[PDB]
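Residue numbers (the deposited numbering), protein chains in the order written: chain S, 4 to 178; chain F, 5 to 500; chain W, 1 to 56; chain A, 281 to 336; chain E, 169 to 224; chain C, 337 to 392; chain Y, 3 to 135.
All residues carry an ideal CB built from backbone N, CA and C; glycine is no exception.
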Amino acid sequence: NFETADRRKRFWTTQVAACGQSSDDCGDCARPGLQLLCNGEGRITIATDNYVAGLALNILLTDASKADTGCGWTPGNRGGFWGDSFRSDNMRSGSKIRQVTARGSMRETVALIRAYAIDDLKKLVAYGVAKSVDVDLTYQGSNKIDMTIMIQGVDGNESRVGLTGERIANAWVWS
Amino acid sequence: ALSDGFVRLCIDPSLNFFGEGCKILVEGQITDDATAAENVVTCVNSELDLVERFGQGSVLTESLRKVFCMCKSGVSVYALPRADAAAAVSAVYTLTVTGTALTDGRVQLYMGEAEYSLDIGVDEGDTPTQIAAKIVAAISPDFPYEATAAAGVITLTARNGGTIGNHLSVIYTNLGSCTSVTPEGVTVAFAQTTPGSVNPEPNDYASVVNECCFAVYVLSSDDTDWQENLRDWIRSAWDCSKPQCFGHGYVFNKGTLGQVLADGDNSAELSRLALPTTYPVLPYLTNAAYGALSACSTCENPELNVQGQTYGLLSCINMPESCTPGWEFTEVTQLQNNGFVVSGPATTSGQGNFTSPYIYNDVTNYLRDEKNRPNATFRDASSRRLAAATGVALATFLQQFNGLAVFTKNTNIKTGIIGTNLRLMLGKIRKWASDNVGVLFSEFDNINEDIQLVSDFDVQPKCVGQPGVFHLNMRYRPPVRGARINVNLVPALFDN
Amino acid sequence: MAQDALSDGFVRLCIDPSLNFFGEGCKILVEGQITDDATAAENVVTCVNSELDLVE
Amino acid sequence: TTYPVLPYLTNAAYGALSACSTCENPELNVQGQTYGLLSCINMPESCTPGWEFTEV
Amino acid sequence: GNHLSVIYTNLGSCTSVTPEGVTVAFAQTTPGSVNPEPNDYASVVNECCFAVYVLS
Amino acid sequence: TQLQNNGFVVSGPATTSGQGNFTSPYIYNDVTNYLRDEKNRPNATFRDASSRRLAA
Amino acid sequence: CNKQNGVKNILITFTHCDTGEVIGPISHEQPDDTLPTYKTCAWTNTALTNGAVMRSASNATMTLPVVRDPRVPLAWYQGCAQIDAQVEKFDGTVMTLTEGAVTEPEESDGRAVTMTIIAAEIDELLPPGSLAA
Numbered sequence: 004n005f006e007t008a009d010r011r012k013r014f015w016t017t018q019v020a021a022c023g024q025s026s027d028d029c030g031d032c033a034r035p036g037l038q039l040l041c042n043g044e045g046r047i048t049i050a051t052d053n054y055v056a057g058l059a060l061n062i063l064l065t066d067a068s069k070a071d072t073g074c075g076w077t078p079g080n081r082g083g084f085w086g087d088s089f090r091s092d093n094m095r096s097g098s099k100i101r102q103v104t105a106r107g108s109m110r111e112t113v114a115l116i117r118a119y120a121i122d123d124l125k126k127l128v129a130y131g132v133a134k135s136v137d138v139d140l141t142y143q144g145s146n147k148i149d150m151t152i153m154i155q156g157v158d159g160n161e162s163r164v165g166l167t168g169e170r171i172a173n174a175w176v177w178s
Numbered sequence: 005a006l007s008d009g010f011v012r013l014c015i016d017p018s019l020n021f022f023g024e025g026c027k028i029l030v031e032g033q034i035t036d037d038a039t040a041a042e043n044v045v046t047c048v049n050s051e052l053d054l055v056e057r058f059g060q061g062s063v064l065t066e067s068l069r070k071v072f073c074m075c076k077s078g079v080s081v082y083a084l085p086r087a088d089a090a091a092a093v094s095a096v097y098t099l100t101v102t103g104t105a106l107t108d109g110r111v112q113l114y115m116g117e118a119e120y121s122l123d124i125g126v127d128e129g130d131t132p133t134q135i136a137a138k139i140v141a142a143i144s145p146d147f148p149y150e151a152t153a154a155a156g157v158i159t160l161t162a163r164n165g166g167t168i169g170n171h172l173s174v175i176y177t178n179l180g181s182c183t184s185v186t187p188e189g190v191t192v193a194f195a196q197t198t199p200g201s202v203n204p205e206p207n208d209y210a211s212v213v214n215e216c217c218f219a220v221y222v223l224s225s226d227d228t229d230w231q232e233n234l235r236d237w238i239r240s241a242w243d244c245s246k247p248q249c250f251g252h253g254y255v256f257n258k259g260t261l262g263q264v265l266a267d268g269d270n271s272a273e274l275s276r277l278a279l280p281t282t283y284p285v286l287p288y289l290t291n292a293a294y295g296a297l298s299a300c301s302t303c304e305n306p307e308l309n310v311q312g313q314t315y316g317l318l319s320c321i322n323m324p325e326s327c328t329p330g331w332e333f334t335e336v337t338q339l340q341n342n343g344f345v346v347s348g349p350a351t352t353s354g355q356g357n358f359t360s361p362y363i364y365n366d367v368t369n370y371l372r373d374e375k376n377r378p379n380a381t382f383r384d385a386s387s388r389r390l391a392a393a394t395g396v397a398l399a400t401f402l403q404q405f406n407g408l409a410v411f412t413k414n415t416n417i418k419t420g421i422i423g424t425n426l427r428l429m430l431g432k433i434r435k436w437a438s439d440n441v442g443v444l445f446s447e448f449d450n451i452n453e454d455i456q457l458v459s460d461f462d463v464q465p466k467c468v469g470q471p472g473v474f475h476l477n478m479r480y481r482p483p484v485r486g487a488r489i490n491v492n493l494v495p496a497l498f499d500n
Numbered sequence: 001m002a003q004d005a006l007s008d009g010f011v012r013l014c015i016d017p018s019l020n021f022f023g024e025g026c027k028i029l030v031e032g033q034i035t036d037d038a039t040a041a042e043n044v045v046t047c048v049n050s051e052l053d054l055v056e
Numbered sequence: 281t282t283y284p285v286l287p288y289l290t291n292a293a294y295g296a297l298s299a300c301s302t303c304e305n306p307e308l309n310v311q312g313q314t315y316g317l318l319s320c321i322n323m324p325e326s327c328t329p330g331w332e333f334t335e336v
Numbered sequence: 169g170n171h172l173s174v175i176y177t178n179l180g181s182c183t184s185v186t187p188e189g190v191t192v193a194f195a196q197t198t199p200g201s202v203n204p205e206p207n208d209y210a211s212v213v214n215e216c217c218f219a220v221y222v223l224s
Numbered sequence: 337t338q339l340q341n342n343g344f345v346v347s348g349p350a351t352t353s354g355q356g357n358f359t360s361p362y363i364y365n366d367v368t369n370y371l372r373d374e375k376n377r378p379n380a381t382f383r384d385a386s387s388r389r390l391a392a
Numbered sequence: 003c004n005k006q007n008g009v010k011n012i013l014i015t016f017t018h019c020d021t022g023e024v025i026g027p028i029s030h031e032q033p034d035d036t037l038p039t040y041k042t043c044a045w046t047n048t049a050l051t052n053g054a055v056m057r058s059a060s061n062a063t064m065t066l067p068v069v070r071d072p073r074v075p076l077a078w079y080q081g082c083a084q085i086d087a088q089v090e091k092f093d094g095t096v097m098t099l100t101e102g103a104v105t106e107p108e109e110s111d112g113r114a115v116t117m118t119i120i121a122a123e124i125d126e127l128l129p130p131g132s133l134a135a
């Protein structure tokens, strides 16, 4: 039959700046969300591009379960997601960047923030979406702090033979 | 706002890729329907913008499609559309169908590139040539040639004027024994009727690319005069009269061995690709593929050679195996010795089977020198890339001496002052040069003589020099990438 | 403008393989016959530059 | 003649940066991409430099 | 007020999309005529030490 | 957003519903009504409430 | 004058580790008549039997006795900051060091500080007319 045998499809995907950017005196920020695509006679449809980038945003912008403290938390905002009790991969959803606290000089706090960011995005390799991830963070002074996240993808069809590692499963998203 | 936590992320609004520092420029013809303004550099985003922005089936669109297929995410693309000459003439080709199909079957063709192939089934037996020539209804729109189906013969006319429409050799593997029954009696004849006439000769690079840095220039044309102008512009980028933008260009030359060798104008700033007369793929597609692959999609490391079957594989191009190598080995050696680039199939398969080409050597068509005696200093493309990288890196390192107090008459620096003298400056530079061995330089022949520092007061005559100006002279060697060893067998037979 | 490092004008960079730091070495004079197809004038001391400049 | 900014804005910013907010120590020059950057003025990018190098 | 400049930034196709069939043209119709020439510095800044003078 | 920028305390429901079910309110930002300064420059020295407590 | 054995210039650059501050090269002056010492060969030989040896990693070290600058905290001169040093002798030799670290600091009275520095390698600039490449 035709060589196009992979029948797996792709569902909706969150995209950056789907709802425009919110401006303020400090700077400009994106407002991620779902994207609507229109036809020539109405019939709107949701975009499904950049799967991995969409997955990364969901992991970063979601509060994970908070660690026990001995004083407690209100039941409303203990963190996490109630749907994590059905999954079988033995992991939890969300990230924990926002849970850091001011410790020592600003240099120490920034270093801790980077550690949590790596510890959260590491889940991408576990699912098999990407073969590697790394974040580079630079401290330049009191107010200007920048970070960059690099995610490695793969082509849909295997081309190179003799890889030390393994072909990541769930690569049909080819990214 | 309305959220808890310490960190407040500020995501970059839709700049999903950097693509900075790595730039590629594509120059070629366009058609009338293109909405892009002529002779104005513009940024290209993705395949969606094409066709509308640069016309249907135009040379520029065809070249760009291959570039994006090779360079998916690592580079940023640019285009410089050009218009047809005043009195250009479009080439015309003829493909006549003669026989009457007396048996149900299928017909399949291959022209120019694999993306343009077609396959249509003959309706039934006893279908004449008139009902045949339905191929026209199957030819993909992107094909640069227009079909007419003039009631038994199909006419192909180039969509772009000039000499760019004089390259075709159709492969039609149906005739002869075939399981997909060839419609018995049908035979196809291929011939040319009218060639191209006139090409444009733009000469205004200084205006449209004024003081803009580009890593790689790709030119989709075969006009020698046009290429000569591009080489002159590149020289100006490497000139000593002003800050340099650097860069490299890719061009192709097609014809017999005698003709191709005649184009070797000692161009150190170009990498000329040599092709035979019977190349079964449209020329400018292969040139674009080679440029895109080397246009920082692989050359973020300046010292990486684009050769071999692992790195120099033009995967996006598929062509059937030729009946003859094309370039006889006697001719392959001469082309490589004369500074040309030669490519061939990546895998050996039976005649008519599909393969892909790859590049043997990465050479920059550099021979001889201003001072006429010969050498091979810039014989390899990596040398040009490394030379540019060294200049930028060295300039950054020396920035620390900007605005620093310098003592030249009395070399003793008092306690507490922040300054330096010539000897301390030289010592620091030597440390940097030696540290980079194995990254940008090979082992220096004599590190004590290849670096010198002299204050301007020691060069100009009395009361003519300026204060705080130095002259630095350095000589380096790029990393070694070869070695020759001669061996002897000496199979002994005596006991001791 | 140009590469970000070279734009400010603090460093002026020149790349060329035909320059030599060391001063011109010692001089050797060669003397002999020539043929009628040689463009060089007779009884004049000239400066040779390469092997390819011969013949002509 | 083709400057895309109001002239009196650039002059005022340069003067304000030059010798009051950066010259507690007189010896410091105002040059380079670090000590002479008018960070409070923004103009659009363009390939054409305005001044040709010979004019500069 | 004789040095204004307006540019159609979105003309060149980019990530942003401009509406089709819309054009903008900028031109002048009347220049400035007269400027003041004060010459009373000795009276208004009489013997006080300033560091920088900016003239707009 | 305007109230928070102008320096007002804003409260809202803690749980989630839209149906008349009972809930409780909570406070978004603990900020005083401080703006500008004794001199008319703007700053945020006493913006947050805890600044006053820490100062004492 | 080339046969005189002494030190002519001493430049040191400090890079605070907890704040990233960098202080330009400051000239220094030595406290007494002693001179700095050097060891550039980063391999140590041990004596085996019958004329054989053994190689071990070791490092390249410098001992630099200098007078504390009264504008820099005493902690920096000890093992609380990176050091980049350069020493120029009268004859013409220059010895550069970068990314050095202080080891086992000892108590100092506040003026005289003796620094032991170790680095991956030390680069030497011999006077004009050297023999080795």
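For residue i, the residue or residues it bridges with in DSSP
i                   : result
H171 (chain E)      : Answer by DSSP bridge pairing: none, since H171 (chain E) is not bridged.
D31 (chain S)       : S:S26
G45 (chain S)       : S:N42
residue 1 (chain F) : For chain F, the structure presents residues 5 to 500; residue 1 (chain F) sits outside this window and is missing.
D86 (chain Y)       : Y:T15
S347 (chain C)      : C:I363
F358 (chain F)      : F:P324
6 Å CB neighbourhood of residue i in its chain, flanking five on each side removed
i              : result
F445 (chain F) : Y480
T381 (chain C) : none
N47 (chain Y)  : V55
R57 (chain Y)  : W45
Environment of residue i [buried if 16+ CB atoms lie within 10 Å]
i                   : result
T141 (chain S)      : exposed
residue 3 (chain F) : Because residue 3 (chain F) is not part of the residues shown, which for chain F are 5 to 500, the question remains open.
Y209 (chain E)      : exposed
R57 (chain F)       : buried
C300 (chain F)      : buried
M153 (chain S)      : exposed
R81 (chain S)       : exposed
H171 (chain F)      : buried
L13 (chain F)       : exposed
Beta-carbon proximity list for residue i, same chain, < 7 Å, skipping 5 on both sides
i              : result
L371 (chain F) : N270, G343 and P378
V473 (chain F) : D460
Whole-number beta carbon distance between residue j and residue i, since they are thought to touch under 8 Å
i              : j              : result
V222 (chain F) : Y254 (chain F) : 5 Å
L127 (chain Y) : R434 (chain F) : 6 Å
Own chain partners of residue i with C-beta closer than 8 Å, once the 5 adjacent residues on each side are dropped
i              : result
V113 (chain S) : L140, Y142 and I148
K375 (chain F) : none
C22 (chain S)  : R34, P35 and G36
- Message: For a minimum of 3 consecutive residues, which ranges assigned as the beta strand (DSSP E) are wholly contained in the segment 96-160 of chain S?
- Response: 136-142 and 148-154
- Message: Which runs of the alpha helix (DSSP H) at least 4 residues long sit entirely within the segment 117-178 of chain F? Give them in chain order.
- Response: 139-142
- Which runs of the beta strand (DSSP E), 3 residues or longer, sit entirely within the segment 263-329 of chain F? 274-279
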